[PDB]
Amino acid sequence: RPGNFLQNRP
Amino acid sequence: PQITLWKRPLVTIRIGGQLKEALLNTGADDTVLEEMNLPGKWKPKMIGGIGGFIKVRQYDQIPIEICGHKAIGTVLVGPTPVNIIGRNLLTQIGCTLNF
Amino acid sequence: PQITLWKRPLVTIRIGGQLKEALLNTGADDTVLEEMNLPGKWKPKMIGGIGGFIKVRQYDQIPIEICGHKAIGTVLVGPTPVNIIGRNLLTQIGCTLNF
(Lines give C-alpha, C1' and ligand atoms only; values in the text may rest on other atoms or scores of the structure.)
Protein backbone atom coordinates (compact mmCIF):
# COMPACT_ATOMS: atom_id res chain seq x y z
CA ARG A 1 0.00 0.00 0.00
CA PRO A 2 1.30 3.52 -0.70
CA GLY A 3 3.06 4.64 2.44
CA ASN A 4 5.57 7.43 1.78
CA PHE A 5 3.93 10.81 1.49
CA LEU A 6 6.94 13.04 0.92
CA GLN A 7 5.83 16.19 -0.80
CA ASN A 8 7.83 19.06 -2.23
CA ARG A 9 6.90 22.35 -3.88
CA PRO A 10 8.18 22.60 -7.49
CA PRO B 1 -2.38 16.67 22.13
CA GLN B 2 0.72 14.49 21.99
CA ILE B 3 0.61 11.96 19.18
CA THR B 4 2.92 8.97 18.99
CA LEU B 5 3.80 7.33 15.69
CA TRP B 6 3.08 3.60 16.04
CA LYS B 7 0.14 4.22 13.75
CA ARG B 8 -0.38 6.80 10.98
CA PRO B 9 -1.12 10.23 12.56
CA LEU B 10 -4.59 10.64 11.15
CA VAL B 11 -6.94 13.30 12.41
CA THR B 12 -10.37 14.68 11.45
CA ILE B 13 -10.44 18.01 9.61
CA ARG B 14 -13.33 20.28 8.62
CA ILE B 15 -13.03 22.08 5.28
CA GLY B 16 -15.75 23.81 3.26
CA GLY B 17 -18.26 22.53 5.81
CA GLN B 18 -17.32 18.88 5.29
CA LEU B 19 -15.49 16.39 7.57
CA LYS B 20 -12.51 14.41 6.26
CA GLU B 21 -9.64 12.34 7.60
CA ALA B 22 -6.10 13.62 6.98
CA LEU B 23 -2.53 12.66 7.83
CA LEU B 24 -0.29 15.05 9.79
CA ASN B 25 2.74 15.06 7.55
CA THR B 26 6.06 16.68 8.50
CA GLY B 27 7.48 15.42 5.18
CA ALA B 28 5.19 17.65 3.16
CA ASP B 29 5.85 21.32 2.40
CA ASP B 30 2.20 21.78 1.45
CA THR B 31 -1.29 20.55 2.27
CA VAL B 32 -2.79 18.30 -0.42
CA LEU B 33 -6.32 16.93 -0.40
CA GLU B 34 -7.91 14.27 -2.61
CA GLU B 35 -10.08 15.54 -5.42
CA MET B 36 -12.95 17.63 -4.06
CA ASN B 37 -14.77 20.88 -4.82
CA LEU B 38 -13.76 24.04 -2.97
CA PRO B 39 -15.15 27.53 -3.42
CA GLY B 40 -13.29 30.38 -5.11
CA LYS B 41 -10.53 30.89 -7.65
CA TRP B 42 -7.74 28.38 -8.13
CA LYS B 43 -4.49 28.22 -10.13
CA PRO B 44 -2.90 25.16 -11.77
CA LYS B 45 0.26 23.99 -9.99
CA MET B 46 2.60 21.00 -9.99
CA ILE B 47 4.10 19.33 -6.92
CA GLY B 48 6.52 16.39 -6.44
CA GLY B 49 6.47 13.36 -4.20
CA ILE B 50 8.24 10.08 -3.77
CA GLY B 51 7.10 8.76 -7.15
CA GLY B 52 7.34 11.91 -9.27
CA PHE B 53 5.21 14.92 -10.05
CA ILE B 54 1.48 15.54 -10.26
CA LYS B 55 -0.87 18.34 -11.28
CA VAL B 56 -2.96 20.01 -8.59
CA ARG B 57 -5.33 22.93 -8.12
CA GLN B 58 -4.09 25.62 -5.76
CA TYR B 59 -6.66 27.39 -3.58
CA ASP B 60 -5.46 30.27 -1.42
CA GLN B 61 -6.65 31.45 1.96
CA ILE B 62 -8.93 28.52 2.70
CA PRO B 63 -10.12 28.00 6.29
CA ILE B 64 -9.60 24.50 7.66
CA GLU B 65 -10.09 23.16 11.20
CA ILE B 66 -7.53 20.51 12.06
CA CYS B 67 -8.15 18.36 15.12
CA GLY B 68 -10.02 21.34 16.64
CA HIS B 69 -7.43 24.02 15.70
CA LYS B 70 -8.16 26.71 13.14
CA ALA B 71 -5.89 27.40 10.15
CA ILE B 72 -6.42 29.54 7.04
CA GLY B 73 -3.99 28.92 4.21
CA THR B 74 -3.15 27.33 0.90
CA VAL B 75 -4.78 24.02 0.06
CA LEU B 76 -3.81 21.93 -2.98
CA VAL B 77 -6.32 19.52 -4.48
CA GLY B 78 -5.33 16.64 -6.69
CA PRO B 79 -4.59 12.93 -7.07
CA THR B 80 -2.86 12.35 -3.77
CA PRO B 81 -3.39 8.87 -2.35
CA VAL B 82 -4.37 10.29 1.07
CA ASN B 83 -5.33 13.69 2.42
CA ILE B 84 -2.17 15.38 3.71
CA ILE B 85 -1.75 18.28 6.18
CA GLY B 86 1.67 19.68 5.47
CA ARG B 87 3.96 22.13 7.15
CA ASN B 88 2.22 25.24 5.82
CA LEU B 89 -0.71 24.44 8.10
CA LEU B 90 1.12 22.45 10.78
CA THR B 91 2.94 25.66 11.72
CA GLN B 92 -0.37 27.51 11.98
CA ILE B 93 -1.66 25.08 14.60
CA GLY B 94 1.57 25.09 16.59
CA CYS B 95 2.78 21.61 15.75
CA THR B 96 6.35 20.50 16.63
CA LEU B 97 8.29 17.24 16.65
CA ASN B 98 9.73 16.18 19.99
CA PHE B 99 12.11 13.43 21.10
CA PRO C 1 15.15 18.07 21.12
CA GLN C 2 12.18 20.04 19.82
CA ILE C 3 11.99 20.56 16.07
CA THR C 4 9.77 23.29 14.66
CA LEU C 5 8.30 22.96 11.19
CA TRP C 6 9.01 26.36 9.68
CA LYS C 7 11.63 24.61 7.51
CA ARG C 8 12.00 21.01 6.34
CA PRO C 9 12.89 18.98 9.49
CA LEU C 10 16.28 17.90 8.23
CA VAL C 11 18.57 16.37 10.85
CA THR C 12 21.92 14.58 10.85
CA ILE C 13 21.85 10.80 10.79
CA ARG C 14 24.64 8.25 10.93
CA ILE C 15 24.59 5.04 8.91
CA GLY C 16 27.67 2.84 8.61
CA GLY C 17 29.49 5.38 10.76
CA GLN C 18 28.95 7.99 8.02
CA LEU C 19 26.88 11.16 8.24
CA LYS C 20 23.93 12.20 6.09
CA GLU C 21 21.09 14.72 6.33
CA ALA C 22 17.62 13.26 6.40
CA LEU C 23 14.01 14.36 6.62
CA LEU C 24 11.93 13.40 9.66
CA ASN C 25 8.76 12.35 7.94
CA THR C 26 5.65 11.46 9.94
CA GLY C 27 3.94 10.79 6.59
CA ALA C 28 6.28 7.89 5.77
CA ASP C 29 5.62 4.39 7.11
CA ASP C 30 9.18 3.31 6.27
CA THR C 31 12.71 4.78 6.09
CA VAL C 32 14.23 5.30 2.64
CA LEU C 33 17.71 6.52 1.83
CA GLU C 34 19.11 8.02 -1.36
CA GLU C 35 21.01 5.54 -3.50
CA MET C 36 24.10 4.30 -1.72
CA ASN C 37 26.07 1.09 -2.09
CA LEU C 38 25.28 -0.53 1.28
CA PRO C 39 26.60 -4.04 1.85
CA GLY C 40 24.38 -6.93 2.81
CA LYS C 41 21.46 -9.05 1.64
CA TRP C 42 18.40 -7.20 0.39
CA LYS C 43 14.97 -7.85 -1.11
CA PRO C 44 13.25 -5.85 -3.87
CA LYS C 45 10.26 -3.72 -2.83
CA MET C 46 8.06 -0.97 -4.31
CA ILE C 47 7.10 2.07 -2.28
CA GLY C 48 4.53 4.62 -3.25
CA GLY C 49 3.04 7.97 -2.60
CA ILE C 50 2.41 11.14 -4.57
CA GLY C 51 3.54 10.58 -8.12
CA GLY C 52 3.35 6.78 -8.03
CA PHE C 53 5.87 4.14 -7.01
CA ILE C 54 9.61 3.63 -7.05
CA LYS C 55 11.72 0.47 -6.87
CA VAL C 56 13.89 0.12 -3.74
CA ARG C 57 16.18 -2.37 -2.00
CA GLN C 58 15.07 -3.52 1.46
CA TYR C 59 17.81 -4.10 4.06
CA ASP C 60 17.00 -5.54 7.50
CA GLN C 61 18.35 -4.79 11.02
CA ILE C 62 20.52 -1.86 9.96
CA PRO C 63 21.78 0.32 12.81
CA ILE C 64 21.10 4.04 12.33
CA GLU C 65 21.60 6.98 14.65
CA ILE C 66 19.21 9.93 14.36
CA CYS C 67 20.41 13.15 15.98
CA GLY C 68 22.36 11.05 18.47
CA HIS C 69 19.55 8.64 19.27
CA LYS C 70 20.27 5.04 18.29
CA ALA C 71 17.85 2.91 16.26
CA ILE C 72 17.95 -0.37 14.35
CA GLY C 73 15.54 -1.60 11.74
CA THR C 74 14.56 -1.90 8.13
CA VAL C 75 16.17 0.55 5.78
CA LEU C 76 15.14 0.99 2.15
CA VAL C 77 17.55 2.30 -0.51
CA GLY C 78 16.66 3.74 -3.89
CA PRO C 79 16.03 6.84 -6.03
CA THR C 80 14.23 8.94 -3.45
CA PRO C 81 14.97 12.64 -3.93
CA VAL C 82 15.87 13.00 -0.23
CA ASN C 83 16.83 10.75 2.67
CA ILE C 84 13.68 10.03 4.68
CA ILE C 85 13.28 8.81 8.23
CA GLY C 86 9.90 7.15 8.60
CA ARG C 87 7.77 5.98 11.48
CA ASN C 88 9.50 2.63 11.82
CA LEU C 89 12.51 4.52 13.22
CA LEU C 90 10.80 7.64 14.63
CA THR C 91 9.00 5.34 17.10
CA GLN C 92 12.35 3.91 18.23
CA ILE C 93 13.69 7.34 19.20
CA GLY C 94 10.44 8.29 20.97
CA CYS C 95 9.44 11.00 18.52
CA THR C 96 6.01 12.60 19.02
CA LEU C 97 3.94 15.27 17.31
CA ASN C 98 2.74 17.90 19.72
CA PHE C 99 0.29 20.76 19.45
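Determination of this PDB entry was carried out by X-ray crystallography to a resolution of 1.75 Å, according to the record.

Undergrad: Could you give an account of the interface of chain C and chain B, with specific residues and numbers?
TA: With 40 residues of chain C in contact, the opposing surface of chain B contributes 38 residues. At the level of elements, β1 (2–3), β3 (18–24), β5 (43–49), β6 (52–66), α1 (87–90) and β9 (96–98) of chain C are the ones that each hand at least two residues to the side of chain C that touches chain B. When residues of the side of chain C that touches chain B are assigned to their parent elements, the largest contribution, four residues, is made by β6(C). Residue composition of the side of chain C that touches chain B, grouped by class: 21 nonpolar, 15 polar and four charged. Relative to β1(C), strand β9 (residues 96–98) of chain B runs antiparallel, the two sharing two bridges.

Undergrad: If you had to explain the packing of aromatic side chains to someone new, which residues and values would you point to?
TA: Following the criterion strictly, the structure yields zero aromatic pairs over all chains and no others. Over the ring of B:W42 we find B:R57, and its NZ or CZ is 5.6 Å from the ring centre.

Undergrad: Quick one: what's the story with the nonpolar core, residue by residue and with numbers?
TA: Among the nonpolar cores identified, the biggest contains 48 residues, and B:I66 and C:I66 are the most heavily contacted of them. Sequence-distant contacts of C:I66, defined by excluding residues within four places in its chain, comprise B:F99, C:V11, C:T12, C:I13, C:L24, C:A71, C:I85, C:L89 and C:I93.

Undergrad: Outline the side chain of B:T80, supporting the account with residue identities and numerical values.
TA: Relative to the assigned elements, B:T80 resides in the loop between β7 (69–77) and β8 (84–85). On the basis of relative accessible area, B:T80 is assigned to the buried category, the value being 7%. Here B:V82 takes part through its backbone oxygen, which lies 2.8 Å from a polar atom of the side chain of B:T80. Setting aside its immediate chain neighbours within four residues, B:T80 contacts B:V32, B:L33, B:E34, B:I54 and C:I50.

Undergrad: Any chance you could break down the interface of chain A and chain C for me, citing the residues and the numbers?
TA: With eight residues of chain A at the contact, the number on the chain C side is 16 residues. For the chain A and chain C pair, buried surface summed over both sides reaches about 930 Å², with 53% attributable to carbon and sulfur atoms. Viewed at the interface, chain C and chain A are joined by zero salt bridges. The residue inventory of the side of chain A that touches chain C, partitioned by class, reads three nonpolar, four polar and one charged.

The rules behind the values
- Residues numbered from 1 in each chain as written, not as in the entry; some residues may be left out.
- Chains lettered and ligands numbered in written order.
- Heavy atoms only, no water.
- Residues with missing side-chain atoms left out of burial classes, pairs and counts.
- Contact = heavy atoms within 4.5 Å.
- Helix = DSSP H or I, 4+ residues; strand = E, 2+ residues; numbered from the N terminus.
- Nonpolar A, V, L, I, M, F, W, Y, C, P; charged D, E, K, R; others polar.
- Pairing = 2+ DSSP bridges.
- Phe/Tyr/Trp six-rings, centres within 6.5 Å; stacked < 30°, edge-to-face > 60°.
- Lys NZ or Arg CZ within 6 Å of the ring centre and 35° of its normal.
- Core = buried A, V, L, I, M, F, W, Y, C linked by side-chain atoms within 4.5 Å.
- Buried < 20%, exposed > 50% of the residue type's maximum accessible area, 1.4 Å probe, protein only.
- Polar contact = N/O pair within 3.5 Å; in protein donor to acceptor, adjacent residues only side chain to side chain.
- Buried area = accessible area lost by both parts, 1.4 Å probe.
- Salt bridge = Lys/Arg side-chain N within 4 Å of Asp/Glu carboxyl O.

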